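entry.cif, holding mmCIF, C-alpha atoms:
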data_target
#
loop_
_atom_site.label_atom_id
_atom_site.label_comp_id
_atom_site.auth_asym_id
_atom_site.auth_seq_id
_atom_site.Cartn_x
_atom_site.Cartn_y
_atom_site.Cartn_z
CA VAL L 2 92.52 56.05 87.59
CA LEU L 3 95.13 55.70 84.85
CA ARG L 4 93.72 56.12 81.35
CA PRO L 5 95.53 55.89 78.00
CA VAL L 6 96.88 58.91 76.16
CA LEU L 7 96.93 59.06 72.36
CA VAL L 8 99.58 60.48 70.04
CA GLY L 9 99.82 64.26 70.05
CA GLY L 10 97.13 64.48 72.73
CA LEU L 11 99.70 65.29 75.40
CA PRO L 12 98.92 69.03 75.70
CA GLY L 13 95.36 68.18 76.71
CA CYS L 14 96.50 65.98 79.60
CA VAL L 15 99.26 68.25 80.95
CA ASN L 16 99.82 71.99 81.23
CA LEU L 17 103.11 73.87 81.24
CA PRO L 18 104.08 77.15 82.95
CA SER L 19 105.80 80.09 81.26
CA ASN L 20 109.53 80.56 80.82
CA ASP L 21 111.54 82.11 83.64
CA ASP L 22 111.09 85.84 84.18
CA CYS L 23 114.10 88.14 84.13
CA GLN L 24 115.95 88.95 87.35
CA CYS L 25 115.21 92.64 86.93
CA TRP L 26 116.43 93.45 90.42
CA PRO L 27 120.21 93.35 90.95
CA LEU L 28 121.86 90.41 92.66
CA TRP L 29 123.78 90.59 95.91
CA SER L 30 127.53 90.27 95.51
CA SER L 31 130.34 91.12 97.88
CA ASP L 32 132.19 93.06 95.18
CA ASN L 33 129.90 96.11 95.42
CA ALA L 34 129.63 98.87 97.96
CA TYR L 35 126.12 99.58 99.20
CA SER L 36 124.47 102.71 100.56
CA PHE L 37 121.62 103.00 103.02
CA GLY L 38 118.37 101.79 101.51
CA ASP L 39 119.47 100.01 98.34
CA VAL L 40 117.75 96.91 96.96
CA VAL L 41 119.14 93.45 96.26
CA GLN L 42 117.92 89.92 95.65
CA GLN L 43 119.39 86.94 97.47
CA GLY L 44 117.91 83.46 97.57
CA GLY L 45 114.75 84.54 95.77
CA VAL L 46 113.85 87.20 98.37
CA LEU L 47 114.32 90.95 98.08
CA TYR L 48 116.23 92.82 100.77
CA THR L 49 117.33 96.32 101.72
CA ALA L 50 120.34 97.72 103.55
CA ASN L 51 120.58 99.46 106.92
CA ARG L 52 124.10 100.91 106.83
CA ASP L 53 126.89 101.76 104.42
CA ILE L 54 128.40 98.36 103.68
CA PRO L 55 131.98 98.29 102.36
CA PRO L 56 132.79 95.59 99.81
CA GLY L 57 134.01 92.29 101.20
CA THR L 58 131.70 91.68 104.14
CA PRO L 59 129.74 88.43 103.85
CA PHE L 60 125.93 88.54 103.84
CA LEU L 61 125.49 89.28 107.52
CA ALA L 62 121.84 88.80 108.45
CA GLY L 63 122.12 91.72 110.87
CA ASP L 64 122.68 94.29 108.14
CA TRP L 65 119.81 93.65 105.75
CA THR L 66 116.04 93.70 106.11
CA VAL L 67 113.08 92.29 104.23
CA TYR L 68 111.64 94.60 101.59
CA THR L 69 107.89 95.27 101.49
CA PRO L 70 107.05 98.12 99.12
CA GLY L 71 103.81 99.08 100.84
CA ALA L 72 105.27 99.76 104.29
CA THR L 73 106.63 102.95 105.85
CA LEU L 74 109.66 102.53 108.10
CA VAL L 75 111.16 105.07 110.49
CA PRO L 76 114.48 103.49 111.47
CA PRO L 77 116.17 104.68 114.66
CA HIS L 78 119.08 107.02 114.11
CA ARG L 79 122.33 105.31 113.20
CA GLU L 80 125.91 106.50 112.86
CA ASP L 81 126.66 104.71 109.58
CA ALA L 82 124.01 105.53 106.99
CA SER L 83 124.16 108.21 104.30
CA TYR L 84 120.78 109.84 104.71
CA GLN L 85 118.96 111.80 102.01
CA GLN L 86 117.37 115.22 102.25
CA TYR L 87 114.02 115.19 104.05
CA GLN L 88 114.90 111.81 105.54
CA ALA L 89 112.88 110.85 108.60
CA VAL L 90 114.63 109.29 111.59
CA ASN L 91 114.01 108.61 115.28
CA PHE L 92 116.40 110.00 117.90
CA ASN L 93 115.80 109.66 121.64
CA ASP L 94 112.16 109.06 120.66
CA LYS L 95 112.15 112.52 119.03
CA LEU L 96 111.25 112.73 115.36
CA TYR L 97 113.57 114.65 113.05
CA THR L 98 114.32 115.26 109.39
CA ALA L 99 117.63 115.71 107.61
CA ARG L 100 118.34 119.07 105.99
CA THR L 101 120.54 117.97 103.06
CA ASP L 102 122.49 114.93 101.90
CA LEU L 103 124.36 113.78 105.00
CA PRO L 104 127.52 111.67 104.85
CA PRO L 105 128.04 109.28 107.77
CA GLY L 106 128.92 110.65 111.16
CA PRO L 107 127.72 111.21 114.71
CA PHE L 108 124.45 112.99 115.35
CA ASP L 109 124.75 116.77 114.93
CA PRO L 110 121.61 118.78 115.77
CA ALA L 111 122.80 121.61 113.54
CA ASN L 112 121.74 119.66 110.43
CA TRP L 113 118.37 118.20 111.51
CA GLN L 114 115.01 119.96 111.48
CA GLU L 115 112.97 119.84 114.67
CA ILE L 116 109.37 120.54 115.55
CA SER L 117 108.68 122.27 118.86
CA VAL L 118 105.71 122.52 121.21
CA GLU L 119 105.36 123.89 124.72
CA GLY L 120 105.11 121.39 127.56
CA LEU L 121 104.65 120.97 131.30
CA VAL L 122 107.61 119.27 132.95
CA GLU L 123 106.88 117.17 136.03
CA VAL L 124 108.79 118.58 138.99
CA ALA L 125 109.92 117.30 142.37
CA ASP L 126 112.50 119.01 144.53
CA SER L 127 114.18 116.62 147.02
CA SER L 128 117.56 118.10 148.14
CA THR L 129 116.88 120.97 145.71
CA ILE L 130 113.88 122.15 147.72
CA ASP L 131 111.16 124.38 146.18
CA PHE L 132 111.53 122.96 142.66
CA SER L 133 108.19 124.05 141.22
CA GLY L 134 106.46 125.55 138.21
CA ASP L 135 107.19 125.27 134.50
CA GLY L 136 108.08 127.45 131.53
CA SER L 137 104.57 128.78 130.87
CA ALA L 138 104.32 130.96 133.97
CA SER L 139 108.11 131.45 133.68
CA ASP L 140 108.84 129.31 136.73
CA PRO L 141 110.65 126.15 135.56
CA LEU L 142 113.53 126.40 138.06
CA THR L 143 111.87 127.55 141.28
CA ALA L 144 114.15 125.26 143.29
CA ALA L 145 116.71 126.44 145.82
CA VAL L 146 119.54 124.59 147.51
CA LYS L 147 118.32 122.61 150.51
CA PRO S 12 109.11 74.95 66.63
CA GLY S 13 106.47 72.49 67.79
CA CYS S 14 108.58 71.58 70.82
CA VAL S 15 105.67 70.70 73.08
CA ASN S 16 108.22 68.72 75.09
CA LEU S 17 109.47 72.07 76.44
CA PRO S 18 107.61 74.86 78.25
CA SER S 19 106.17 77.46 75.90
CA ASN S 20 108.49 80.46 75.70
CA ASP S 21 106.34 83.29 77.05
CA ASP S 22 106.73 87.05 77.30
CA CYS S 23 108.78 88.38 80.21
CA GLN S 24 107.14 90.31 83.08
CA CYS S 25 108.81 91.73 86.18
CA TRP S 26 105.88 92.36 88.53
CA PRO S 27 103.54 89.77 90.08
CA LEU S 28 100.15 89.51 88.38
CA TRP S 29 97.08 89.59 90.60
CA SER S 30 95.11 86.39 91.15
CA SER S 31 92.27 85.00 93.22
CA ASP S 32 94.51 82.29 94.73
CA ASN S 33 97.76 83.81 95.99
CA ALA S 34 97.56 84.89 99.61
CA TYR S 35 98.78 88.44 100.17
CA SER S 36 100.05 90.31 103.21
CA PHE S 37 99.89 93.98 104.10
CA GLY S 38 102.27 95.77 101.76
CA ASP S 39 102.50 93.27 98.91
CA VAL S 40 102.53 94.54 95.33
CA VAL S 41 100.53 93.18 92.39
CA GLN S 42 99.95 94.12 88.75
CA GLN S 43 96.31 94.52 87.78
CA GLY S 44 94.79 95.69 84.52
CA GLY S 45 98.16 97.07 83.54
CA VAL S 46 98.39 99.06 86.78
CA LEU S 47 100.22 98.46 90.06
CA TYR S 48 98.38 98.35 93.38
CA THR S 49 99.31 97.58 96.97
CA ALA S 50 97.52 95.66 99.68
CA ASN S 51 95.88 97.22 102.72
CA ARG S 52 95.25 94.12 104.85
CA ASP S 53 96.14 90.46 105.00
CA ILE S 54 93.92 88.88 102.35
CA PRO S 55 93.00 85.18 102.67
CA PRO S 56 92.91 83.30 99.37
CA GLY S 57 89.87 83.18 97.12
CA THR S 58 88.70 86.76 97.62
CA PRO S 59 87.77 88.66 94.43
CA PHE S 60 89.47 91.93 93.48
CA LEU S 61 87.55 94.09 95.93
CA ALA S 62 88.25 97.75 95.21
CA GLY S 63 88.19 98.65 98.91
CA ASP S 64 91.48 96.92 99.78
CA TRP S 65 94.02 97.86 97.09
CA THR S 66 95.57 101.32 96.78
CA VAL S 67 97.14 102.74 93.64
CA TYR S 68 100.91 102.46 93.93
CA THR S 69 103.13 105.53 93.58
CA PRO S 70 106.70 104.90 94.75
CA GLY S 71 107.58 108.50 95.56
CA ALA S 72 104.76 108.74 98.08
CA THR S 73 104.93 108.38 101.86
CA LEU S 74 101.88 107.27 103.81
CA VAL S 75 100.79 106.86 107.43
CA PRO S 76 97.72 104.61 107.28
CA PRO S 77 95.29 104.30 110.20
CA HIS S 78 95.86 101.41 112.55
CA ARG S 79 93.83 98.30 111.77
CA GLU S 80 93.20 94.90 113.35
CA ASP S 81 93.84 92.72 110.27
CA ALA S 82 97.35 93.68 109.21
CA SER S 83 100.88 92.34 109.62
CA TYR S 84 103.47 94.98 110.48
CA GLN S 85 107.25 95.00 110.35
CA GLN S 86 109.55 96.46 112.97
CA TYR S 87 109.48 100.28 112.90
CA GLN S 88 106.33 100.49 110.77
CA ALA S 89 104.47 103.73 111.46
CA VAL S 90 100.72 103.93 112.09
CA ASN S 91 98.16 106.54 113.13
CA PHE S 92 95.87 105.89 116.09
CA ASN S 93 93.77 108.46 117.93
CA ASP S 94 95.50 111.15 115.87
CA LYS S 95 98.86 110.10 117.34
CA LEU S 96 102.01 108.73 115.74
CA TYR S 97 103.15 105.23 116.67
CA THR S 98 105.94 102.92 115.54
CA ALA S 99 106.15 99.18 116.10
CA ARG S 100 108.77 97.63 118.36
CA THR S 101 108.92 94.22 116.66
CA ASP S 102 107.18 92.47 113.79
CA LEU S 103 103.61 91.73 114.80
CA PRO S 104 100.76 89.49 113.69
CA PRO S 105 97.17 90.66 113.24
CA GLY S 106 95.48 91.69 116.45
CA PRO S 107 93.96 94.53 118.46
CA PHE S 108 96.03 97.53 119.43
CA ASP S 109 98.00 97.45 122.67
CA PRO S 110 100.63 99.87 124.05
CA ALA S 111 102.95 96.98 124.89
CA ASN S 112 104.19 96.51 121.33
CA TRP S 113 103.89 99.91 119.68
CA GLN S 114 106.29 102.66 120.63
CA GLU S 115 104.41 104.65 123.26
CA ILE S 116 104.67 107.82 121.15
CA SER S 117 106.93 109.51 118.67
CA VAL S 118 107.42 113.04 119.99
CA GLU S 119 109.11 116.31 119.02
CA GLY S 120 110.90 118.14 121.83
CA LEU S 121 109.77 120.88 124.18
CA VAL S 122 110.83 124.46 124.76
CA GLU S 123 110.69 126.37 128.03
CA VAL S 124 111.26 129.79 129.55
CA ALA S 125 114.05 129.27 132.06
CA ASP S 126 114.06 130.90 135.50
CA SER S 127 117.23 132.25 137.09
CA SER S 128 117.16 131.49 140.81
CA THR S 129 119.21 133.31 143.45
CA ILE S 130 121.42 130.28 144.19
CA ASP S 131 121.80 128.32 140.94
CA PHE S 132 121.55 129.42 137.33
CA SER S 133 119.28 127.71 134.81
CA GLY S 134 119.89 126.14 131.40
CA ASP S 135 119.30 127.27 127.83
CA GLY S 136 115.74 126.43 126.79
CA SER S 137 115.78 122.60 126.74
CA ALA S 138 116.06 122.46 122.95
CA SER S 139 117.90 119.40 121.69
CA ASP S 140 121.05 121.41 121.03
CA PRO S 141 121.03 123.70 124.12
CA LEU S 142 120.30 121.20 126.87
CA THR S 143 119.18 122.62 130.20
CA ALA S 144 122.50 123.02 132.02
CA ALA S 145 122.41 124.46 135.54
CA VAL S 146 125.28 125.57 137.79
CA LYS S 147 125.70 126.84 141.33
#
Structure encoded using structure tokens:
Amino acid sequence: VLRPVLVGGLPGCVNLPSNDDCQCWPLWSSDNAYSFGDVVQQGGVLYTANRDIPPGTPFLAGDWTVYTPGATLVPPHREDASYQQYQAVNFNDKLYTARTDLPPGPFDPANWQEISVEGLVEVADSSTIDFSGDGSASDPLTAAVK
Amino acid sequence: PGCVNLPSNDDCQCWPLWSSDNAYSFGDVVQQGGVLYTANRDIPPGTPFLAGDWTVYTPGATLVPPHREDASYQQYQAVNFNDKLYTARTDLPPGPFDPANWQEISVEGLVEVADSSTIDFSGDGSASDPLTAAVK
């Protein structure tokens, strides 16, 4: 129900928020180059990059990604980023780590650390009859021409 | 200056302050008691500040938390399950684990002791750089 309000009694009947907080994070703008993994605000939501963006491109939704500080991402290998030392990345489903600061370019195994473990490759022979064994017993290529 | 007509100019803060009302999702960041913490699971509103759900935040870190059933995950988020490394295929809602979504495995790359046959030669150890190349 509506009830009167006296003089100066306004603050009791209504409450006011606080002034606007500072935009501590930078603001997206097409006049800036961006490297892999930077941070920007746009429309009240934080975002991060996925590739070296040259200035002038509009805000393509395919480039950026939502930013959630508590997550751990392992993006698939890409031919555009500028990765940092000890940077994780997925290639052909194989984990890897950069060795130094890498400028863009095609994948080059010479610069990426790898972990290794022995395995047991499944083998069938078909027209390469007698394909059998693996690398343990030193018999990975038992096959012969059929 | 007595301007009640206007909102009260308050101090400026650049990190969300915890509350009992705001709903949080796995990974959100809050400021509590002058310290920064991070969520561990989707928290419905009204819950108190249970100490078993918020981890101390340290930006330089890098974590691989165990898989859960009450979390929301983004594409390519990494999780540990049965002592194995998994990565999500697409953003997921809360739910039990299933191989369909998560990347089957993240693996390393084998090595092998090649055998030279009498008809065709073998490769070079199957390492990512020297692929196993055979000739006649």
Interface list for chain S, partner chain L, 8 Å threshold, all atoms listed in the file, as an MDAnalysis selection string: chainID S and resid 15 18:25 37:40 49:50 73:75 85:89 98 116:131 133 139:140
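Going from atom CA of residue S:93 over to atom CA of residue S:79, you cover 11.9 Å.
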Selection result of the PyMOL selection byres ((chain S and resi 42) around 10) on this file, as an mmCIF file with C-alpha atoms, keeping the file's coordinate frame:
data_model
loop_
_atom_site.group_PDB
_atom_site.id
_atom_site.type_symbol
_atom_site.label_atom_id
_atom_site.label_comp_id
_atom_site.auth_asym_id
_atom_site.auth_seq_id
_atom_site.Cartn_x
_atom_site.Cartn_y
_atom_site.Cartn_z
ATOM 1 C CA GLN S 24 107.140 90.310 83.080
ATOM 2 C CA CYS S 25 108.810 91.730 86.180
ATOM 3 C CA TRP S 26 105.880 92.360 88.530
ATOM 4 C CA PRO S 27 103.540 89.770 90.080
ATOM 5 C CA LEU S 28 100.150 89.510 88.380
ATOM 6 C CA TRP S 29 97.080 89.590 90.600
ATOM 7 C CA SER S 30 95.110 86.390 91.150
ATOM 8 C CA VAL S 40 102.530 94.540 95.330
ATOM 9 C CA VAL S 41 100.530 93.180 92.390
ATOM 10 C CA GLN S 43 96.310 94.520 87.780
ATOM 11 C CA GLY S 44 94.790 95.690 84.520
ATOM 12 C CA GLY S 45 98.160 97.070 83.540
ATOM 13 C CA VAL S 46 98.390 99.060 86.780
ATOM 14 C CA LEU S 47 100.220 98.460 90.060
ATOM 15 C CA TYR S 48 98.380 98.350 93.380
ATOM 16 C CA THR S 49 99.310 97.580 96.970
ATOM 17 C CA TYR S 68 100.910 102.460 93.930
#
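Proximity to residue S:76 at 7 Å, evaluated using all atoms listed in the file and with sequence-adjacent residues fewer than 2 positions away removed, yields residues 74, 78, 90 and 91 of chain S.
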Selection result for the PyMOL selection byres ((chain S and resi 64) around 10) on this file, as number ranges by chain: S: 37, 48-54, 60-63, 65-66
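If you measure from each of L:47, L:14, L:147, L:53 to residue L:132 using all atoms listed in the file, the closest one turns out to be L:147.
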Residues in the PyMOL selection byres ((chain L and resi 89) around 7), expressed as number ranges by chain: L: 75, 87-88, 90, 97-99
Interatomic distance, atom CA of residue L:84 to atom CA of residue L:103 (Å, one decimal): 5.3 Å
Distance in Å - atom CA of residue S:100 versus atom CA of residue L:61: 21.6 Å
Selection near stretch 40-46 of chain L, 6 Å with all atoms listed in the file, sequence-local residues under 2 positions removed, as a ChimeraX atom specification: /L:27-29,48-49
Deliver the residues from the most recent selection as a file, using C-alpha atoms, as a PDB file, in the frame of the given file.
ATOM      1  CA  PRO L  27     120.210  93.350  90.950  1.00  0.00           C
ATOM      2  CA  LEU L  28     121.860  90.410  92.660  1.00  0.00           C
ATOM      3  CA  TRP L  29     123.780  90.590  95.910  1.00  0.00           C
ATOM      4  CA  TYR L  48     116.230  92.820 100.770  1.00  0.00           C
ATOM      5  CA  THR L  49     117.330  96.320 101.720  1.00  0.00           C
TER       6      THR L  49
END
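Remark: for residue S:17, the closest of the candidate residues L:50, L:125, L:15, L:7 is L:15 (distances computed over all atoms listed in the file).
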